[PDB]
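Below is one structure; the comments refer to it alone.
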Amino acid sequence: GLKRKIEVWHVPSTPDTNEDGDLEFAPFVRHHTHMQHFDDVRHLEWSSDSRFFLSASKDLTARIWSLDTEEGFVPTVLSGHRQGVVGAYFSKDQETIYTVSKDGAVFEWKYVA
Amino acid sequence: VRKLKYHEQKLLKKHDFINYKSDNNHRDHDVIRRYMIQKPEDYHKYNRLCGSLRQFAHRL
Amino acid sequence: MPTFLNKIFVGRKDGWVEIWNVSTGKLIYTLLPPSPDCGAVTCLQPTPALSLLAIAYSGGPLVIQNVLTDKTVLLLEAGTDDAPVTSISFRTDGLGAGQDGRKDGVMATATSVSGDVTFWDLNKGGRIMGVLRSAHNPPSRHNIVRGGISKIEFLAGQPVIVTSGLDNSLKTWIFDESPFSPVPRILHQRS
Amino acid sequence: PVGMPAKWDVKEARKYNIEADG
Amino acid sequence: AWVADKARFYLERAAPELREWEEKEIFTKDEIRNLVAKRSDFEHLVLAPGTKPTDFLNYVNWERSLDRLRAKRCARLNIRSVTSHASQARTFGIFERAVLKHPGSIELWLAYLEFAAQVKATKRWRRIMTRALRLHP
Amino acid sequence: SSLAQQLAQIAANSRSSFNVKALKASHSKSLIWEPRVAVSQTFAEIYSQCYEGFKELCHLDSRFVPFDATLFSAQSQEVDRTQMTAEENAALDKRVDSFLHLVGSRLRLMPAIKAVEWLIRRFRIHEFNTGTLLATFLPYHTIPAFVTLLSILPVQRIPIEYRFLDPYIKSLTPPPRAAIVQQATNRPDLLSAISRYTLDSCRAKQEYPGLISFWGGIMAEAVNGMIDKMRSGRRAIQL
Amino acid sequence: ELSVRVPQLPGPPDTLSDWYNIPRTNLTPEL
Amino acid sequence: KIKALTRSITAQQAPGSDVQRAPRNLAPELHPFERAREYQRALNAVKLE
Amino acid sequence: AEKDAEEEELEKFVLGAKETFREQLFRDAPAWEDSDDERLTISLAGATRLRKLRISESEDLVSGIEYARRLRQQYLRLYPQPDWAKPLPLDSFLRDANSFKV
Amino acid sequence: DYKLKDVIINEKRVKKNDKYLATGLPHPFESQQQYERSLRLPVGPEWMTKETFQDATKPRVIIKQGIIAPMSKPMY
Amino acid sequence: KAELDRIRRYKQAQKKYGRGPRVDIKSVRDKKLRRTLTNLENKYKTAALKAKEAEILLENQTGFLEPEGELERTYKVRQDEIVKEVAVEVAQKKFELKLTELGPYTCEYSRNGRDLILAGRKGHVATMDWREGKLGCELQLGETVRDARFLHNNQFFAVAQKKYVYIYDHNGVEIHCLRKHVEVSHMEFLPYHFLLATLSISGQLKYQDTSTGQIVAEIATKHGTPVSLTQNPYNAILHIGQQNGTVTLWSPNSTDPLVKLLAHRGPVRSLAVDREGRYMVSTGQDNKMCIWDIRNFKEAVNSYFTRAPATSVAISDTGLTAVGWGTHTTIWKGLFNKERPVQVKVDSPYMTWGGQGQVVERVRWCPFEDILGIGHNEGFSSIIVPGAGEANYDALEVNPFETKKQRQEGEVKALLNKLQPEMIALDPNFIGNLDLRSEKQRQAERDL
RNA sequence: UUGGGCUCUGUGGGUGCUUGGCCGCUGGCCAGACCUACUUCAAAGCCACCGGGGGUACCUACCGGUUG
RNA sequence: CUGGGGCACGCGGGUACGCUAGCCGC
């Protein structure tokens with residue numbers, strides 16, 4: 001998470017990891033960018049199945065993002081705090097997610113009707 | 001503003017555009033010029049020090 | 001052709017140009033050059049004008065033609081038989097001709113047997129206006145020093161014009177305005 | 001001094017995109 | 001200098017004739033703006049400090065000519081409602097402040113007399129003649 | 001002070017005043033009378049005197065009648081060039097240019113001068129068609145008319161070639177022909193400009209022997225001096 | 001009748017209007 | 001069909017004439033605090049009195 | 001006209017002559033032919049780049065030739081045609097590139 | 001409660017305005033609404049034409065220079 | 001009949017210059033009171049009618065544009081097209097100032113537009129005559145700069161630095177710094193008064209009189225740091241907007257808010273107000289903006305949504321509204337109609353100013369020439385737009401062409417006509433109404 | 001070495017490790033396109049820096065009351 | 001007499017002009 005832009009790059013194939021390997025020139029390859037977002041992006045956290053990730057902003061918002069295009073899904077927002085969020089994480093059973101926001105307010109969210 | 005006339009002066013008795021009573025005779029500015037400081041913030045830091053000093057003197 | 005539909009333009013080793021509708025894979029037209037003493041088309045490029053093309057023969061004439069009426073529009077003894085024009089590029093700016101910088105129609109021509117590029121002002125009858133002498137190193141067969149010029153682009157809309165050669169050099173040049181400049185000045189280079 | 005040229009400003013120029021010859 | 005304000009009086013009194021002419025199809029809006037503009041500039045020119053009888057005659061010719069144009073055009077429009085009274089009256093007031101500012105012009109005086117005589121105001125004409133004779137015996 | 005660089009760019013690229021002080025001075029620059037009258041010369045008498053001179057000129061020479069219609073009519077007496085659009089302004093400029101090319105013949109005559117004074121105090125020709133007027137007055141560069149114009153010229157408005165008259169503006173004496181020819185030898189742009197002006201005239205069939213003699217003399221001396229520069233000794237630079 | 005103007009555009013004062021122009025004193029050593 | 005507004009400087013002052021042409025709109029949109037400014041003027045009138 | 005000439009002179013005198021001043025200021029067939037381009041047509045509104053070159057809010061399917069003419073129009077409005085698109089011994093000498101060798 | 005997008009006026013009178021109020025009715029008047037609608041109009045040159053200004057500030061009596069000798073013949 | 005037009009004229013006069021409906025003449029019982037009130041009503045009707053007749057001596061014509069065709073639309077016009085079509089005495093004014101590396105820039109004009117100020121977040125203050133192009137003064141101020149704003153002329157201006165607030169003369173000499181305000185975040189200038197009103201970070205609003213230099217009233221808003229502030233100049237009342245989701249209307253005569261509009265779900269980002277005080281628009285963190293009738297205190301319509309949180313919004317004299325958001329700004333035209341009682345949401349903007357990467361910090365409407373200032377992080381940019389701008393000022397209130405004499409006289413006019421801070425409320429026309437309670441007790445004492 | 005020199009004044013790269021310009025970004029756009037829809041429910045609290053001694057009628061903050 | 005109240009005020013042809021005093025239209 002750069003000052004506003006959000007990025008996801010691959011990991012590079014290491015000369016440690018391939019048997020007949022070499023230093024590449026351009027070691028990273030840039031997978032997706034995201035400009036859906038309005039202020040500083042201050043924390044990010046992966047899921048445990050490595051398929052979704054949470055973005056806790058500096059503009060009182062959090063967003064859920066797909067690694068790749070899921071089927072029954074829309075990348076989505078979560079709002080409602082009073083002073084910008086510092087953390088946001090998945091549950092172990094990835095249904096509920098928590099956010100913890102800068103004036104000391106922890107919100108547990110579920111995806112209900 | 002021009003030099004105000006007679007009657008307009010007698011209405012604008014308490015009006016002046018420069019010397020504010022909060023500006024404190026511009027004591028801040030008069031000293032800062034005379035002693036070549038570069039940071040009127042540094043003037044007021046000096047100042048609230050001198051104030052803590054004088055209240056120590058007074059309570060002493 | 002900028003506004004044509006699924007047509008490409010090919011040139012031959014013979015002096016001919018063949019219009020090909022690439023949709024159904026069909027040769028649709030062929031064109032020949034005036035004074036067939038000119039031998040082989042060397043380079044060709046579409047103008048900023050409409051339906052107007054620049055073919056360059058090895059034999060020395062450039063020509064620009066209405067590629068749907070097949071009438072010559074301008075003819076230029078523009079290369080020698082020893083020195084054929086091998087890449088051109090037109091300026092698309094709007095200003096820069098008529099000896100006052102205000103009018104348009106400037107083009108740049110390049111060989112690969114020299115390293116000097118040439119600028120024409122098209123307006124009255126297509127006069128020359130100048131030569132950036134030895135932009136790259138002049139090519140030589142007896143000399144170790146490589147030379148010769150690869151391609152020239154007037155980048156669109158702006159009076160920069162990018163040249164590269166053989167001798168490991170990419171330079172960029174620009175016209176100013178308030179002094180009118182016949183030949184540009186260099187405004188980047190990497191060697 | 002007059003006559004000495006300014007910065008190089010890339011001029012906001014629109015050109016004819018040509019991906020429409022289909 | 002109070003010249004803007006004095007002009008404000010005269011132009012504001014000029015207003016409702018122009019209101020009526022707007023409300024009639026005798027002139028369009030851009031023409032109306034042209035008219036108001038020209039009138040304002042002339043009135044300022046009159047109430048300028050350094051003024052001259054030629055400028056006065058210029059202005060009154062402008063207004064009188066306007067009256068004639070208005071008459072011709074409303075005749076072409078076959079409209080009988082409009083009069084000339086307000087134009088003639090404001091024309092008079094021009095002549096009055098003209099003679100107050102420069103009383104000493106036989107030229108401006110005779111222009112005044114001829115104006116009155118062509119519009120038919122003989123009692124007024126005798127009065128004007130009286131004052132002019134008194135100033136230049 | 002990069003801010004100030006930007007601002008003075010704009011402010012000398014201005015075309016209309018906006019404080020009354022610069023308005024009054026901009027109106028008071030003029031040729032015949034003095035500033036201390038031209039200030040409060042209003043816009044009738046200017047047209048009066050100048051149109052009188054215009055009648056004199058039209059009775060002398062014939063082909064001024066379309067200019068009578070278009071550039072000296074009573075609506076032109078109050079057209080405010082400052083508030084039209086650009087293409088209008090350019091068409092106006094063309095009319096301005098053609099008038100200058102016709103009138104520059106009879107320049108030593110007072111009605112012609114009066115005509116140009118009208119052009120200046122109304123359309124500010126000296127401000128918005130500067131290079132043309134400087135061009136058509138350069139042939140008479142020894143005369144009191146030229147010095148007066150030199151006075152009223154706006155400095156940053158002077159075209160980039162003709163900038164070299166600034167010390168003469170600082171010292172109001174006419175430049176001499178050697179000074180002109182030396183700047184002509186050093187630059188290509190001034191010589192190109194003079195030649196293009198006089199070519200426009202003779203394309204327009206409005207030339208006259210004084211101007212042609214002027215142009216020939218200046219071109220000839222300039223080309224002499226230019227070959228004097230171009231001599232090299234070294235074969236390639238000579239070529 | 002109506003001719004072209006002449007341009008002539010280019011400290012403490014020299015002769016005194018308020019005393020019929022006594023000039024400023026040139027200072028000869030004899031003076 | 002473009003038409004923006006403009007002002008001359010002619011509109012403030014006609015050239016050749018150092019009078020002050022000062023146009024006067026009457027919009028209550030253009031003069032807020034109507035009764036407040038008026039009452040304040042009257043108060044000044046009494047103090048002047 | 002239904003106006004009198006002296007009346008128009010008045011109209012000149014008091015209303016001015018503003019518009020008339022403005023007016024007074026403002027005083028190869030194709031050699032070859034295609035068949036497939038006749039055979040082509042294109043969904044304008046379905047395109048987004050090509051949306052801006054329609055005429056009404058009704059044109060979507062337009063034949064190849066007309067589509068091309070619209071395209072040429074847009075090329076004109078985007079890049080207008082230069083005037084040089086519309087013998088002397090010395091001018092030929094200038095325009096010949098062989099007279100510049102070293 | 002209060003839903004979204006519904007304003008909340010303070011319903012309290014602001015004490016310090018009570019001097020710019022006018023406490024007693026003016027003696028010619030008979031209704032507050034008569035009076036509060038009677039003034040209703042600014043009088044200066046900023047809000048009306050100069051002619052209405054002259055008419056609105058004209059005094060009831062005008063006295064020139066001279067001698068007010070008491071009336072000889074009853075006028076009307 | 002012909003008199004129907006005259007009656008319509010009368011009705012229009014009553015709608016415009018009435019300033020109060022009409023007097024009930026039949027209700028009076030006294031003959032003397034009756035005749036006086038009739039004469040009053042006569043003079044009044046004629047006053048209204050003559051002012052309606054006076055509505056012809058305006059000189060200019062209100063700028064506009066009309067899209068000629070059914071295909072194209074106004075929000076698809078380029079500045080290039082405008083500057084072609086337009087008059088050269090404003091195709092000057094289309095300009096830009098690239099001042100890069102001293103922060104995003106923050107702009108504000110002066111109340112006659114003869115001059116402006118742009119001040120750079122990293123501490124660079126510049127004060128210029130725009131259309132004439134001689135700069136007034138520029139200083140460096142070291143430490144950062146929150147907000148800068150002219151005072152009653154283009155002479156004096158205000159710089160709200162890191163801690164103290166400072167006011168400077170016309171050559172940029174620091175006259176004096178009011179240390180009373182501390183860590184101000186917002187300044188506004190209540191100018192028919194001489195009030196300088198500021199929002200400190202801890203939500204302490206101060207109204208300091210400029211002329212006296214004795215602060216008049218301080219308020220500790222018991223809720224929340226002030227996220228937004230703007231100023232109603234039909235009444236000189238502060239519209240501030242909190243962090244919570246409410247925007248509150250404030251006056252210097254009470255420690256408790258005057259009213260509290262409930263609004264967007266996050267913080268209000270911005271507030272802006274009609275100059276006649278009819279309608280107030282505001283933008284929240286929920287990407288909606290919405291408007292309100294002020295005089296009635298309810299919304300007009302369903303909110304608009306905008307594709308960002310708009311940092312700024314400001315409206316001209318006439319009804320244009322500029323919402324600067326994200327990286328490109330949008331101007332809507334008919335966001336509020338005054339003659340219409342019921343509003344209808346607009347389909348589309350008036351025009352845009354596209355985003356070539358200038359994060360739009362703050363926008364403002366130049367007061368009387370039809371251009372619009374945008375302060376973005378690369379510098380200041382002045383674009384041109386025809387619909388805005390009051391066409392015809394009144395040269396005794398302000399004057400975009402003031403000479404030195406008239407500035408001196410006007411300064412002393414507003415000084416003599418300064419307003420004590422007490423005459424500030426929800427309805428500015430209440431001087432000399434009835435004290436209902438005390439009049440009741442007077443009638444009590446009189447009949448007893 | 002078939003002109004030399006000082007001084008001034010511009011432009012261009014450099015003076016920090018090379019991943020594109022833009023936008024409403026999993027896409028599009030660089031000739032742009034569509035432009036105003038959608039809604040169940042306002043809000044949790046605290047703190048939040050002006051130099052010292054000094055007076056305090058009025059304003060304000062607080063604390064305690066009083067009628068309505 | 002700015003005291004108030006009443007009548008008339010334009011374009012055609014007529015009776016008539018180095019002119020407009022009168023009949024009917026527009």
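Please note that chains go A, B, ... in the order of the structure tokens, that every chain numbers its residues from 1, and that ligands are numbered from 1 in the order shown.
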Legend entry - 9 Å contacts from chain C to chain F using only C-alpha atoms, as an MDAnalysis selection string: chainID C and resid 99:100 178:180
Got time to write the residues from that selection, N, CA, C and O atoms, as an mmCIF file, in the first residue's frame?
data_model
loop_
_atom_site.group_PDB
_atom_site.id
_atom_site.type_symbol
_atom_site.label_atom_id
_atom_site.label_comp_id
_atom_site.auth_asym_id
_atom_site.auth_seq_id
_atom_site.Cartn_x
_atom_site.Cartn_y
_atom_site.Cartn_z
ATOM 1 N N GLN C 99 9.056 30.525 -44.426
ATOM 2 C CA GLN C 99 10.127 31.407 -43.973
ATOM 3 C C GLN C 99 9.710 32.315 -42.838
ATOM 4 O O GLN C 99 10.382 33.304 -42.567
ATOM 5 N N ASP C 100 8.610 32.015 -42.183
ATOM 6 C CA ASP C 100 8.171 32.764 -41.028
ATOM 7 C C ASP C 100 7.704 31.874 -39.907
ATOM 8 O O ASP C 100 7.080 32.375 -38.969
ATOM 9 N N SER C 178 10.646 31.511 -31.295
ATOM 10 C CA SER C 178 10.744 32.963 -31.406
ATOM 11 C C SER C 178 12.011 33.403 -32.109
ATOM 12 O O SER C 178 12.007 34.457 -32.744
ATOM 13 N N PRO C 179 13.086 32.686 -32.037
ATOM 14 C CA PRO C 179 13.910 32.634 -33.230
ATOM 15 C C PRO C 179 13.308 31.555 -34.094
ATOM 16 O O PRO C 179 13.029 30.464 -33.597
ATOM 17 N N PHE C 180 13.017 31.834 -35.350
ATOM 18 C CA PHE C 180 12.633 30.738 -36.211
ATOM 19 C C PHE C 180 13.874 29.909 -36.446
ATOM 20 O O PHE C 180 14.953 30.457 -36.659
#
Can you build me a table of chain D residues sitting at most 12 Å from chain F, with the closest atom pair per residue and its distance in Å to one decimal, using only C-alpha atoms, sorted by chain and residue number, as a tab-separated table?
residue	atom	partner	partner_atom	distance
D:1	CA	F:160	CA	10.8
D:2	CA	F:160	CA	7.3
D:3	CA	F:160	CA	7.1
D:4	CA	F:160	CA	10.7
D:6	CA	F:5	CA	11.8
For the residues selected in the previous step, produce a file with C-alpha atoms as a short mmCIF file (atom, residue, chain, number, x, y, z; two decimals), in the first residue's frame.
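Contents of the output file again21.cif:
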data_model
loop_
_atom_site.label_atom_id
_atom_site.label_comp_id
_atom_site.auth_asym_id
_atom_site.auth_seq_id
_atom_site.Cartn_x
_atom_site.Cartn_y
_atom_site.Cartn_z
CA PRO D 1 17.77 37.76 -22.74
CA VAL D 2 15.28 37.68 -25.49
CA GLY D 3 15.51 34.95 -28.06
CA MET D 4 16.76 32.33 -25.84
CA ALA D 6 12.10 28.31 -22.95
#
Legend entry - Selection: 12 Å around range 15-29 of chain L, only C-alpha atoms (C1' of nucleotides), excl. self and same-chain fewer than 2 positions, as a PyMOL selection string: (chain A and resi 5-9+25-38+65-70+73-75) or (chain I and resi 48-49) or (chain K and resi 287+305-309+325-328+354-358) or (chain L and resi 13+31-35)
Inset, instruction - Please identify every residue of chain F that has at least one atom no more than 6 Å from any atom of chain H, counting only C-alpha atoms, and report them as a VMD selection string. - result: chain F and resid 39 to 42
For the selection you just gave me, I'd like the residues written to a file as a PDB file, in the first residue's frame, keeping C-alpha atoms.
ATOM      1  CA  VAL F  39      -5.629  62.401 -22.112  1.00  0.00           C
ATOM      2  CA  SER F  40      -8.990  64.073 -22.256  1.00  0.00           C
ATOM      3  CA  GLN F  41      -9.364  64.184 -25.980  1.00  0.00           C
ATOM      4  CA  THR F  42     -12.617  62.334 -26.274  1.00  0.00           C
TER       5      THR F  42
END
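Once range 226-238 of chain F and its same-chain neighbours fewer than 2 positions away are set aside, residues 185, 186, 221, 222, 223 and 224 of chain F; 102 of chain I; 2 of chain L remain within 9 Å of it when counting only C-alpha atoms (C1' of nucleotides).
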Inset, instruction - For residue 16 in chain I, list every protein, DNA or RNA residue within 12 Å, evaluated using only C-alpha atoms (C1' of nucleotides), and leave out those in the same chain fewer than 4 positions away; present the list as a ChimeraX atom specification. - result: /E:30-35,37-38,62,66 /F:73-79 /I:8-12,20-22
Inset, instruction - Would you mind listing what lies within 12 Å of residue 92 in chain E as JSON, numbers by chain, with only C-alpha atoms (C1' of nucleotides) counted and same-chain residues fewer than 2 positions away left out? - result: {"E": [56, 59, 60, 63, 64, 85, 86, 87, 88, 89, 90, 94, 95, 96, 97, 98, 99, 111, 112, 113, 115, 116, 119, 121, 124, 125, 128]}
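CA of residue 177 in chain C to CA of residue 82 in chain I spans 19.5 Å [interatomic distance, one decimal].
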Inset, instruction - Name the residues in contact with residue 163 in chain C at a cut-off of 12 Å, using only C-alpha atoms (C1' of nucleotides), excluding same-chain residues fewer than 3 positions from it; report them as a count of residues only. - result: 39
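The closest residue to residue 164 in chain C, picked from C:57, C:127, C:119, C:112 and counting only C-alpha atoms, is C:112.
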Inset, instruction - Would you mind writing down, as a VMD selection string, each residue of chain B that DSSP on the backbone assigns to alpha helix (DSSP H)? - result: chain B and resid 6 to 11 27 to 35 40 to 59
Once you have the residues from the selection above, write them out as a compact mmCIF listing (two decimals), in the first residue's frame, restricted to C-alpha atoms.
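To be explicit, this is the file written out as result_19.txt:
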# COMPACT_ATOMS: atom_id res chain seq x y z
CA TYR B 6 -13.32 65.26 13.02
CA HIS B 7 -16.71 63.64 13.51
CA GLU B 8 -15.64 60.36 12.00
CA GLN B 9 -12.83 60.38 14.50
CA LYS B 10 -15.25 60.97 17.33
CA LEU B 11 -17.02 57.88 16.14
CA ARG B 27 6.70 44.60 22.04
CA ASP B 28 7.35 41.34 20.28
CA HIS B 29 8.20 43.05 17.08
CA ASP B 30 10.17 45.92 18.53
CA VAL B 31 12.52 43.59 20.33
CA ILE B 32 12.77 41.10 17.48
CA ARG B 33 13.94 43.72 15.09
CA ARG B 34 16.31 45.32 17.58
CA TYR B 35 18.05 42.06 18.39
CA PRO B 40 9.31 34.93 16.36
CA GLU B 41 8.41 31.48 17.57
CA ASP B 42 11.79 31.62 19.25
CA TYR B 43 10.72 34.92 20.73
CA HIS B 44 7.69 33.44 22.36
CA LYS B 45 9.61 30.42 23.62
CA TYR B 46 12.03 32.81 25.29
CA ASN B 47 9.01 34.57 26.62
CA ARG B 48 7.13 31.78 28.31
CA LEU B 49 10.41 30.83 29.86
CA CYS B 50 10.77 34.29 31.31
CA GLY B 51 7.24 33.93 32.55
CA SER B 52 7.89 30.69 34.35
CA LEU B 53 10.89 32.44 35.83
CA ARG B 54 8.92 35.36 37.10
CA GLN B 55 6.25 33.21 38.65
CA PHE B 56 8.96 31.29 40.42
CA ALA B 57 10.25 34.62 41.68
CA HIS B 58 6.81 35.72 42.77
CA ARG B 59 5.96 32.52 44.61
Inset, instruction - Just the strand (DSSP E or B) stuff from chain A, please, per backbone DSSP, written as number ranges by chain. - result: A: 6-9, 30-34, 41-46, 52-57, 61-66, 76-79, 85-90, 97-101, 105-109
Inset, instruction - With a distance threshold of 12 Å and counting only C-alpha atoms, extract the residues of chain K near chain B and express them as a VMD selection string. - result: chain K and resid 141 to 143 151 to 153 155 to 156 161 to 169 173 to 181 194 208 to 215 404 to 418
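In this structure, CA of residue 15 in chain C sits 23.3 Å away from CA of residue 34 in chain I.
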